[PDB]
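Taken in order, these protein sequences are the chains called A and A'. A prime marks a further copy of an entry chain. Following the deposited numbering, the numbering of the first sequence begins with 1 at its first residue and continues without gaps. Following the deposited numbering, the numbering of the second sequence begins with 1 at its first residue and continues without gaps.
Number of protein chains: 2
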Amino acid sequence: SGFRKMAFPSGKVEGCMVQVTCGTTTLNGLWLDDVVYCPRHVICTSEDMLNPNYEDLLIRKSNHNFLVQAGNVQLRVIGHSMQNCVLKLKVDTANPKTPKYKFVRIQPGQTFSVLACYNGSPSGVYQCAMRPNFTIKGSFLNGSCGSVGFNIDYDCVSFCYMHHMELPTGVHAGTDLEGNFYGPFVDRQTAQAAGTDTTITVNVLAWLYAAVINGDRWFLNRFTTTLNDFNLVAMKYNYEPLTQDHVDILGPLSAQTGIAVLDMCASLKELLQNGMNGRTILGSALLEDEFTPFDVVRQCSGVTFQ
Amino acid sequence: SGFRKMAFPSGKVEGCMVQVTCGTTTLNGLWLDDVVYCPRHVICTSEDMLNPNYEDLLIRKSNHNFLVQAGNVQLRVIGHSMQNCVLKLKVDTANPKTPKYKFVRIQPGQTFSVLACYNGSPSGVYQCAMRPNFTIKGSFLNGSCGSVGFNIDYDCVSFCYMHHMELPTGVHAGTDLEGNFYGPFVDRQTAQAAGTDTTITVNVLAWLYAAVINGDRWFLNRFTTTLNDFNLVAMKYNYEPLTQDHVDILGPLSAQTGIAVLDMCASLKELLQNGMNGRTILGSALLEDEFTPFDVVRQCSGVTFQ
Ligand SMILES: O=C(c1cc(=O)[nH]c(=O)[nH]1)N1CCN(c2ccc(Cl)c(Cl)c2)CC1
Ligand SMILES: O=C(c1cc(=O)[nH]c(=O)[nH]1)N1CCN(c2ccc(Cl)c(Cl)c2)CC1
Numbered sequence: 001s002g003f004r005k006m007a008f009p010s011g012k013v014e015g016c017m018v019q020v021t022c023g024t025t026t027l028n029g030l031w032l033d034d035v036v037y038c039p040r041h042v043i044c045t046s047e048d049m050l051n052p053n054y055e056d057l058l059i060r061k062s063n064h065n066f067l068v069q070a071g072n073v074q075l076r077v078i079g080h081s082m083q084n085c086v087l088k089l090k091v092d093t094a095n096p097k098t099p100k101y102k103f104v105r106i107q108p109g110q111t112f113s114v115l116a117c118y119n120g121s122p123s124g125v126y127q128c129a130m131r132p133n134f135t136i137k138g139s140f141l142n143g144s145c146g147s148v149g150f151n152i153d154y155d156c157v158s159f160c161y162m163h164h165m166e167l168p169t170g171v172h173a174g175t176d177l178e179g180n181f182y183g184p185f186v187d188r189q190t191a192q193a194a195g196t197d198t199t200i201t202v203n204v205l206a207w208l209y210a211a212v213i214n215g216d217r218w219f220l221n222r223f224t225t226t227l228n229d230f231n232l233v234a235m236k237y238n239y240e241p242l243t244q245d246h247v248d249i250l251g252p253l254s255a256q257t258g259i260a261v262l263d264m265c266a267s268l269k270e271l272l273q274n275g276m277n278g279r280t281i282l283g284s285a286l287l288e289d290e291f292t293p294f295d296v297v298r299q300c301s302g303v304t305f306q
Numbered sequence: 001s002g003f004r005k006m007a008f009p010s011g012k013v014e015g016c017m018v019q020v021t022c023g024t025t026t027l028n029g030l031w032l033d034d035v036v037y038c039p040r041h042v043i044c045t046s047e048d049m050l051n052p053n054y055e056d057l058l059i060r061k062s063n064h065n066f067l068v069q070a071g072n073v074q075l076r077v078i079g080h081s082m083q084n085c086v087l088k089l090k091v092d093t094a095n096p097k098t099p100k101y102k103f104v105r106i107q108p109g110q111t112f113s114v115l116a117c118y119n120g121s122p123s124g125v126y127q128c129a130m131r132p133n134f135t136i137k138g139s140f141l142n143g144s145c146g147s148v149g150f151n152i153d154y155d156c157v158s159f160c161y162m163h164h165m166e167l168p169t170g171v172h173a174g175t176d177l178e179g180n181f182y183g184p185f186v187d188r189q190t191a192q193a194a195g196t197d198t199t200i201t202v203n204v205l206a207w208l209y210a211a212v213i214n215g216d217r218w219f220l221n222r223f224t225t226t227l228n229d230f231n232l233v234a235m236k237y238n239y240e241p242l243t244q245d246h247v248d249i250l251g252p253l254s255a256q257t258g259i260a261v262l263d264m265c266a267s268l269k270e271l272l273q274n275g276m277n278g279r280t281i282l283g284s285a286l287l288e289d290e291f292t293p294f295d296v297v298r299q300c301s302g303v304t305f306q
């Protein structure tokens with residue numbers, strides 16, 4: 001029993017991180033087979049950042065302007081190209097630690113682990129969610145660009161995020177591994193604003209089911225509601241609307257605890273309208289929305305990886 | 001910027017986990033050089049658990065009653081012995097992935113990362129603190145015994161915890177890697193109770209400094225207090241007393257923010273006496289005590305590992 005913010009084991013990703021330097025700028029890269037992936041803004045200088053023209057900046061570089069290091073070894077760059085907002089550096093050596101992997105573009109509400117890195121070296125791992133406004137609430141300092149987010153499915157690493165920048169509100173923005181930003185952001189040092197964020201309802205319900213599984217039941221009641229009555233109250237508190245697909249996703253947790261989804265929705269309705277009265281759920285005094293239904297199942301039923 | 005519950009990268013530990021079976025009982029082991037370390041209760045059957053006599057139970061076993069698997073490979077056990085509450089299984093092959101390591105017995109209030117494992121396979125990583133009552137608030141299911149806790153210092157893995165059991169309150173108890181329990185527990189399936197827990201004051205203050213570093217300042221005030229006046233109020237709320245060594249430990253965070261420790265103590269005094277008024281700090285509505293001063297520095301100044 002117990003319930004923690006649990007990240008995936010990071011070892012398969014640690015062996016893919018490298019350091020990329022172009023000029024006086026150093027950040028992290030991801031080395032898979034014989035390609036190093038990194039944010040294209042590594043090629044900017046201070047003069048370029050407010051409004052870079054990346055096609056111009058790249059035509060002015062050659063292979064030897066890029067220094068790639070994996071620990072002590074230097075990797076010889078033998079070609080370069082740009083895909084959307086990522087740079088792809090072809091190197092002369094295939095990474096012998098390349099895991100089975102794929103690239104996935106995730107949707108808002110999904111969770112992933114971040115391996116935060118500096119100078120090509122892993123510093124720490126943590127779990128976060130992609131917010132509805134396509135930012136993440138990360139923890140990143142100077143030098144962290146190029147750190148990646150991932151999930152593990154069986155034996156396969158699904159890369160879903162590469163870190164590019166911090167916004168003025170202190171939250172973070174980046175791309176999938178094909179270089180497409182999540183959200184309406186661009187890789188220039190202009191001032192950009194994230195849209196208003198909402199609470200991820202299906203995740204809050206998954207976490208209430210985790211609470212029940214761990215013996216925290218004080219918030220339950222005998223009422224029920226309809227999807228339409230619930231969504232009317234949720235909109236007033238800036239919660240995402242609940243769909244029938246969400247209800248079906250929660251099926252396994254409803255079955256395991258014997259509490260119907262629409263009954264759990266009635267409890268959540270009461271908690272939105274009356275607050276928690278200085279009581280806690282799973283050790284929190286706020287409603288938590290960065291666990292998916294799959295996170296809860298995984299952690300309350302015990303799945304491992306190869 | 002940002003602040004997360006950040007674990008150490010787990011890759012150096014992942015390569016040390018193995019599966020140990022004795023009879024019908026399987027749990028996890030830690031394979032370092034040519035020794036596998038695991039909880040000694042792997043040798044108990046249902047008849048033994050209420051009151052095992054481990055010296056008797058072990059004399060009745062031979063090397064071949066122990067099945068050790070590292071993935072697909074089976075390791076041949078060529079000797080066995082007991083140290084306190086851990087079993088040490090000598091095997092015929094030295095683990096080629098053995099990191100630089102040491103064994104440390106930690107003190108209450110310190111933090112570490114846990115690599116939760118099932119059947120020798122890593123399932124997830126999370127950060128926890130050793131509580132003042134020598135339990136940890138973990139997340140562990142059936143099959144998790146033998147999972148380890150660790151820190152990383154430069155290039156060295158410091159192992160500090162091996163998981164042995166869950167107590168009736170849902171919290172967890174285990175040993176250092178020389179087999180000595182933390183706290184007054186024993187490895188028999190009797191009912192054992194943990195002592196009353198307290199809040200780790202020096203960690204709460206470290207987390208308030210992290211808040212200031214990230215722009216959350218609403219709780220600050222101009223007052224100050226003395227160590228003796230603070231400790232009088234803290235005892236009333238079940239907070240650990242603050243010592244001069246704690247004050248000195250917080251030195252680097254005091255310097256970086258310009259707020260004296262005893263000024264921060266005056267703010268904490270007000271928060272204990274008046275509550276948080278439905279305001280939050282770093283995204284929490286409770287005072288958080290599982291970050292040490294070193295955790296905060298590491299995360300708000302950017303240290304990596306080799
Ligand atoms: O290393 C960090 C960083 C990341 C973070 O998350 N937090 C933090 O404090 N620093 N930066 C800030 C972003 N920068 C940058 C350069 C050129 C362009 Cl064109 C763009 Cl868009 C961004 C690179 C260096
Ligand atoms: O695998 C878990 C487990 C661990 C956990 O943390 N949570 C959970 O639900 N299950 N167990 C429970 C403890 N058990 C045990 C056997 C013999 C002795 Cl003599 C003792 Cl002391 C303990 C081994 C199997």
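Positions of the beta carbon are idealized from the N, C-alpha and C atoms, including for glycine.
Checklist entry - Closer than 8 Å, CB to CB, is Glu-166 of chain A' near chain A or not? => result yes
Next on the checklist: For a contact defined as C-beta to C-beta under 9 Å, what are the partners of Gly-215 of chain A' on chain A?
Outcome noted: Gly-170
Next on the checklist: Just to confirm my understanding: we take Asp-92 of chain A', look at its own chain, exclude 5 residues before and 5 after, and list those with CB closer than 6 Å. What are they?
Outcome noted: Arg-76, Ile-78
Checklist entry - Cβ of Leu-141 of chain A' versus every heavy atom of ligand 2: is any distance shorter than 7 Å? => result yes
Checklist entry - Going by the C-beta, is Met-49 of chain A' closer than 7 Å to any heavy atom of ligand 2? => result yes
Checklist entry - Whose CA, out of A:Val-261, A:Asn-228, A:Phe-219, lies closest to the CA of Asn-274 of chain A? => result A:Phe-219
Next on the checklist: Between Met-6 of chain A' and chain A, is the shortest Cβ-Cβ distance under 8 Å, so that the two count as touching?
Outcome noted: yes
Next on the checklist: Count Cβ pairs between the stretch 61-70 of chain A and the stretch 166-182 of chain A that sit closer than 8 Å; are there 3 or more?
Outcome noted: no
Item to check | The alpha helix (DSSP H) enclosing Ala-266 of chain A, as first and last residue numbers | outcome: 261-274
Next on the checklist: Contact between the stretch 8-16 of chain A' and the stretch 43-53 of chain A' is defined here as three or more beta-carbon pairs at a separation below 8 Å; is this criterion met?
Outcome noted: no
Checklist entry - In chain order, what residues of the stretch 98-127 of chain A put their CB closer than 9 Å to some CB of chain A'? => result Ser-113, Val-114, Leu-115, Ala-116, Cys-117, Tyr-118, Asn-119, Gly-120, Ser-121, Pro-122, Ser-123, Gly-124, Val-125, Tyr-126, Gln-127
Item to check | CB of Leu-242 of chain A' within 8 Å of CB of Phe-230 of chain A', strictly | outcome: yes
Next on the checklist: Less than 7 Å separating the Cβ of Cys-44 of chain A' from some heavy atom of ligand 2?
Outcome noted: yes
Item to check | Any C-beta of chain A under 8 Å from that of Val-68 of chain A' | outcome: no
Next on the checklist: Here's the rule I'm using: 16 or more other beta-carbon atoms within 10 Å means buried, otherwise exposed. How should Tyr-101 of chain A' be labelled?
Outcome noted: buried
Next on the checklist: What does DSSP give as the partner residue(s) for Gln-127 of chain A' in the beta ladder?
Outcome noted: A':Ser-113
Checklist entry - Can you round the beta-carbon distance between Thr-135 of chain A and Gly-183 of chain A to whole angstroms, since I take them to be within the 8 Å contact cut? => result 7 Å
Checklist entry - Going by DSSP, which residues form a beta bridge with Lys-137 of chain A'? => result Per DSSP, none; premise fails for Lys-137 of chain A'.
Next on the checklist: Give me the subset of the stretch 279-301 of chain A whose CB atoms are less than 9 Å from a CB atom of chain A', sorted by chain position.
Outcome noted: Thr-280, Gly-283, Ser-284, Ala-285, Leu-286, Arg-298, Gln-299, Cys-300, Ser-301
Checklist entry - Which ranges would you report for the alpha helix (DSSP H) in the stretch 182-256 of chain A' if only whole runs of at least 4 residues count? => result 201-213, 227-236, 244-249
Item to check | Sequence-distant residues of the same chain with beta carbon closer than 7 Å to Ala-266 of chain A, five excluded per side | outcome: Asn-221, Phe-223, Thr-224, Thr-225
Checklist entry - Would DSSP call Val-13 of chain A' helix, strand or coil? => result helix
Checklist entry - So which residues of chain A' does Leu-141 of chain A contact, with C-beta pairs closer than 7 Å? => result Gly-302
Item to check | chain A' contact for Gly-183 of chain A (CB, 8 Å cutoff) | outcome: no
Item to check | Cβ-based burial, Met-6 of chain A' [other Cβ within 10 Å; buried from 16] | outcome: buried
Next on the checklist: In whole angstroms, give me the CA-to-CA distance for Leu-177 of chain A and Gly-146 of chain A.
Outcome noted: 10 Å
Checklist entry - Skipping 5 residues on each side, what residues in its chain have a beta carbon closer than 7 Å to that of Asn-63 of chain A'? => result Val-77, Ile-78, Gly-79, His-80
Item to check | Residues bridged to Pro-99 of chain A [DSSP beta-bridge criterion] | outcome: BP columns for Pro-99 of chain A are empty, so no partner.
Checklist entry - Can you find a CB in chain A' that lies within less than 8 Å of the CB of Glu-270 of chain A? => result no
Next on the checklist: Any heavy atom of ligand 2 inside 7 Å of the beta-carbon of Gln-189 of chain A'?
Outcome noted: yes
Item to check | Span of the alpha helix (DSSP H) around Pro-39 of chain A' | outcome: Segment 35-39 is the beta strand (DSSP E) holding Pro-39 of chain A'; no alpha helix (DSSP H) there.
Checklist entry - Which full runs of the beta strand (DSSP E) of 3+ residues lie inside the stretch 44-111 of chain A', going along the chain? => result 66-70, 73-75, 77-83, 86-91, 101-103
Checklist entry - Are there three or more Cβ pairs, one per stretch, closer than 8 Å when the stretch 114-130 of chain A is compared with the stretch 273-289 of chain A'? => result no
Checklist entry - Is the beta carbon of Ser-144 of chain A' within less than 7 Å of some heavy atom of ligand 2? => result yes
Checklist entry - What residues are listed by DSSP as bridge partners for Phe-3 of chain A? => result Bridge partners of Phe-3 of chain A: none, in fact.
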